[PDB]
Amino acid sequence: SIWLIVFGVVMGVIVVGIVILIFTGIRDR
Amino acid sequence: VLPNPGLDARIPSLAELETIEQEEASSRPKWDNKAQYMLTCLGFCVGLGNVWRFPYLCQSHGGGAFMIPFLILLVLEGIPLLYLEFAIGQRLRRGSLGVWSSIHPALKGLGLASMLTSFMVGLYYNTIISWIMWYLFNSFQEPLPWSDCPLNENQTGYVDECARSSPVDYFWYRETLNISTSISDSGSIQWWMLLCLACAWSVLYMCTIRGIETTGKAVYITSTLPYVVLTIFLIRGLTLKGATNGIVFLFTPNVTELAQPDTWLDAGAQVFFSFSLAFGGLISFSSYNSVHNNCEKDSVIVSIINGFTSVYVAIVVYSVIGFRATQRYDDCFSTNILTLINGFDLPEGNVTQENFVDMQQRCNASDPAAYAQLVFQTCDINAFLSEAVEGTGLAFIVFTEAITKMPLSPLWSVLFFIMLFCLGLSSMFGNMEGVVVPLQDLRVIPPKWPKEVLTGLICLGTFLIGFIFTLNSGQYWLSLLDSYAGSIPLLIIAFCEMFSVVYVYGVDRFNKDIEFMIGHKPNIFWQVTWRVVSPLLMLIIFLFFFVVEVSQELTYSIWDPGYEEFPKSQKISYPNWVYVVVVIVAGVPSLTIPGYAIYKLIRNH
Ligand SMILES: CN(C)C(=O)CNC(=O)/C=C/c1ccc(C(F)(F)F)cc1
Ligand SMILES: *[C@@H]1O[C@H](CO)[C@@H](O)[C@H](O)[C@H]1NC(C)=O
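Looking at this structure, how should I read the packing of helix α23 (residues 484-503) of chain B against helix α26 (residues 577-603) of chain B?
Helix packing geometry: the angle between the two helix axes and the distance between the axes. All names here are of chain B. Interaxial distance between α23 and α26 falls to 8 Å at its minimum, and their mutual angle equals 5 degrees. Our classification of the angle between α23 and α26 gives roughly parallel. Contact residues: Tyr484, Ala485, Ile488, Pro489, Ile492, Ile493 and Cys496 in α23; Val582, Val585, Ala586, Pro589, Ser590 and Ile593 in α26. Residues belonging to the contact of α23 with α26 are distributed by class as follows: twelve nonpolar, one polar and no charged.

Written out as structure tokens, the structure reads:
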């Protein structure tokens, strides 16, 4: 499913960004 | 004017304000650039709510008929309350809950309701975002998935629904919602709707991880892109066959719709959704400005932009409504022509718009018996324009269908959903601001835990609550929050916010403290609205709600494939038990303002 693969890619990138920001917060600590 | 004891030592002073910024640079988030603040307000006030509900409200009632009352109340009722929210946030240097409790402890209920209202409107919006991004995920295929139907069981025709209804109708109601027969017939958490909802909440948490030191960076792409795509849709929409027909239809407003009470009632409620007034976000966002920021200029600029964008969006929604309507009208005629050309074996091209009706009777005279055995659809174009879209139908059916007609369908589709996603995400930033901050200021979680912990708990919380809008009946469930129930509390809060800042904190104090910040004491226009005009309109219109909207049977359009006139809205009354659900979500925040006060007046004494 093209729609499904698009969804997958988007969610992956979003969670990667979430992790990066939680780390940015850890750096700020 | 009301007998307030020892208001000072409960709020900041005017001589202390000089040390609320440089002295208190930390401990409070501060806008890095006024630009970053203006984009947030622009985003928040001109996001979903100003660009989503408005066209729907205008497509309903009358086109131009509904626009007049909205622009009357936008200044006579909205500009005052927007200036009063900005100034009081900038003066008391605290969020919604804090500001109200500072004026009076009993006013805490006002902030409590504001938090609940903000929570519920985010829960509503998020779902719309989830549907938007379902549609955005499917729009990367040359032939868009809603431009055709699945082959019959024998791969012959197509699903009776898709055949009897529209391809776009079948992609919305069956392939996206898998909608059930009734609100009573609860369905299952359609796994793909749940998956898109997770994506929505996930992106929002990522953008609001760390309060305003992560959303201000987001609003650089999230409050610009939506306005650089809505001016292209305007051009595209204007460049549509029959677009100028629907545009005129919008500016042709029967005056008898302006003399109906509900029309204006749906305008006042709409003012408080256009500007996110009584969510409490704005108070918090204005509290991170410089103490010497001109908030009168900001309120007027936001209001003008917000007013002017409402009309710019109804000119883009009508261009498309007249485009589709013109196409239907043309198809109706083509079919009519074909029918008479068939049987009579008229030469192809012989009969045309120029000579339909004269060749109807002519051919009738030639052979009446045969002419008698000839169905003939009625084509009007104005009737096609008058056709009213169903809830959420305009964006996921009307616009989607028009895009399929547009060349390079996938480019536009993608752009259309990326605009609606961005101005949704923008709107959600304020909605989340107005539930995180009150929850910090209740001191409910141990303050050792970082801000990111509390922001994820509410994201997951509202995510879990949003499973109800993922069932087969979820759409019906979502259409309950489009009832008067949603506007019931907003009107109460907005009125209480005005009454508390004028007849409790004191308008005289307010006039002085405003003079201390911007430099001048507010004009007669601001005096005449805040003191009498604004409160009266708000109060009188809530009384009207009680009389019209409130005094109406709860009914909902159901999508029954197995129903006489299947491709027609089936309006039925809600089952009695859903009055319970409207009593809580109209009555929890609305009775919170009185019912926390009474708590504080029976514990003290
Ligand atoms: C049911 N309900 C209460 C609603 O509020 C539904 N709103 C809608 O269906 C809104 C469509 C819409 C389509 C295009 C545009 C554009 F102009 F941006 F293209 C704006 C809004
Ligand atoms: C949709 O709903 C029905 C039950 O309401 C279920 O049997 C079916 O598996 C679901 N999925 C569809 C129609 O794609």
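Sorry if this is basic, but what is going on with the nonpolar core here?
If you look at soluble globular proteins, the nonpolar side chains tend to sit buried side by side. Residues and elements named next belong to chain B. With 192 residues, the main nonpolar core has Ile103, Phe416, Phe510 and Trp530 as its most contacted residues. Beyond its immediate chain neighbours, meaning those up to four positions away, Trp530 contacts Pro80, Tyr83, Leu84, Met498, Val502, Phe510, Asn511, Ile514, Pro522 and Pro535. Judged by nonpolar contacts, the second largest core, of eleven residues, contains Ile337, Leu340, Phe344 and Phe356.

Honestly, the site of ligand 2 in this entry has me stumped. Any pointers?
All names here are of chain B. Lining the immediate surroundings of ligand 2 are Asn178, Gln190 and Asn472. Taking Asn472, its side chain carries an N or O atom lying 3.0 Å from an oxygen atom of ligand 2. For ligand 2, whose unbound accessible area comes to 360 Å², protein coverage reaches 32%.

Please clarify how the pattern of salt bridges should be interpreted in this entry.
Side chains that differ in sign of charge can pair as their charged atoms come close. Taken as a whole and judged by the stated rule, the model has 13 salt bridges over all chains. Note that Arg174 of chain B is salt-bridged to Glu161 of chain B, the shortest N-O span being 3.0 Å. One end of the pair, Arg174 of chain B, is in helix α7 (residues 167-176); the other, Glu161 of chain B, is in helix α6 (residues 160-164), and 13 residues separate them in sequence. The shortest N-O distance in the salt bridge between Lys568 of chain B and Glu565 of chain B comes to 2.9 Å. Among the charged side chains, a salt-bridge network with shared partners connects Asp28 and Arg29 of chain A together with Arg210 and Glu452 of chain B.

Help me understand the state of the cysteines in this model?
Where two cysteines share a covalent bond between their sulfur atoms, that bond is called a disulfide. Residues and elements named next belong to chain B. Taken as a whole and assessed by the stated rule, the structure comprises two disulfides over all chains. Two residues, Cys149 and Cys162, share a disulfide whose sulfurs are 2.0 Å apart. Since a negative S-S torsion denotes a left-handed disulfide, the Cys149-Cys162 link at about -75 degrees is left-handed. One end of the pair, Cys149, is in the loop between α5 (108-137) and α6; the other, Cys162, is in helix α6, and 13 residues separate them in sequence. The residue that forms a disulfide with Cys332 is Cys379, at a sulfur-sulfur distance of 2.0 Å. Judged by the sign of its S-S torsion, about -75 degrees, the cystine formed by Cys332 and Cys379 is left-handed.

Just to check I follow, could you spell out the interface of chain B and chain A for this structure?
Interface size is commonly expressed as the accessible area that is lost once the parts come together. Opposite the 19 residues of chain B that make contact, chain A presents 16 residues. Between chain B and chain A lies a buried interface of about 1500 Å² when both sides are counted; carbon and sulfur atoms form 81% of it. In terms of surface lost to chain A, no three residues of chain B exceed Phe137, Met206 and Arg210 of chain B, which account for 35% of the buried area on that side. Remark: the boundary between chain B and chain A carries two salt bridges. Our count for the contact surface shared by chain B and chain A stands at one residue pair in polar contact. Where the side of chain B that touches chain A is concerned, the elements lending two or more residues are α5 and α8 (191-207) of chain B. Tallying contributions element by element places α8 of chain B first for the side of chain B that touches chain A, with ten residues.

Is there a simple way to explain the packing of aromatic side chains in this structure?
We describe a pair of aromatic rings using the distance from one ring centre to the other and the angle between the two ring planes. Residue and element names in this part refer to chain B. Evaluated as defined, the whole model comprises 51 aromatic pairs over all chains. Their ring planes at 55 degrees and their centres at 6.1 Å tell us that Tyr124 and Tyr125 sit as a pair that is tilted. Taken individually, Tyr124 and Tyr125 each receive the classification buried, so the pair is uniform in this respect. Plain terms: the ring middles of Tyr596 and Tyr599 are 5.8 Å apart, the flat faces sit at 50 degrees to each other, and that makes the pair tilted. Taken as a pair, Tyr596 and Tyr599 lie in helix α26 at a separation of three residues, close to a single helical turn. Note on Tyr599: relative accessible area 46%, which makes it partly exposed. Ring pairs connect the aromatic residues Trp131, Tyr135, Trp146, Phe171, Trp172, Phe233, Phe396, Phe399, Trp412, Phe416 and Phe417, which therefore count as one cluster.

Parameters at a glance
Residues numbered from 1 in each chain as written, not as in the entry; some residues may be left out. Chains lettered and ligands numbered in written order. Part of a larger assembly, values for the part shown. Heavy atoms only, no water. Axes fitted to C-alpha atoms, helices over the stretch in contact; angles between N-to-C directions. Helix = DSSP H or I, 4+ residues; strand = E, 2+ residues; numbered from the N terminus. Parallel < 35°, antiparallel > 145°, perpendicular 65-115°, else oblique. Contact = heavy atoms within 4.5 Å. Nonpolar A, V, L, I, M, F, W, Y, C, P; charged D, E, K, R; others polar. Core = buried A, V, L, I, M, F, W, Y, C linked by side-chain atoms within 4.5 Å. Buried < 20%, exposed > 50% of the residue type's maximum accessible area, 1.4 Å probe, protein only. Near = heavy atom within 4 Å. Polar contact = N/O pair within 3.5 Å; in protein donor to acceptor, adjacent residues only side chain to side chain. Areas by Shrake-Rupley, 256 points an atom, 1.4 Å probe, with all protein chains shown as cover. Salt bridge = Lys/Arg side-chain N within 4 Å of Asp/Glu carboxyl O. Disulfide = S-S within 2.5 Å. Buried area = accessible area lost by both parts, 1.4 Å probe. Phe/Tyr/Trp six-rings, centres within 6.5 Å; stacked < 30°, edge-to-face > 60°.

Don't take any of this as a statement about function, it's just geometry.
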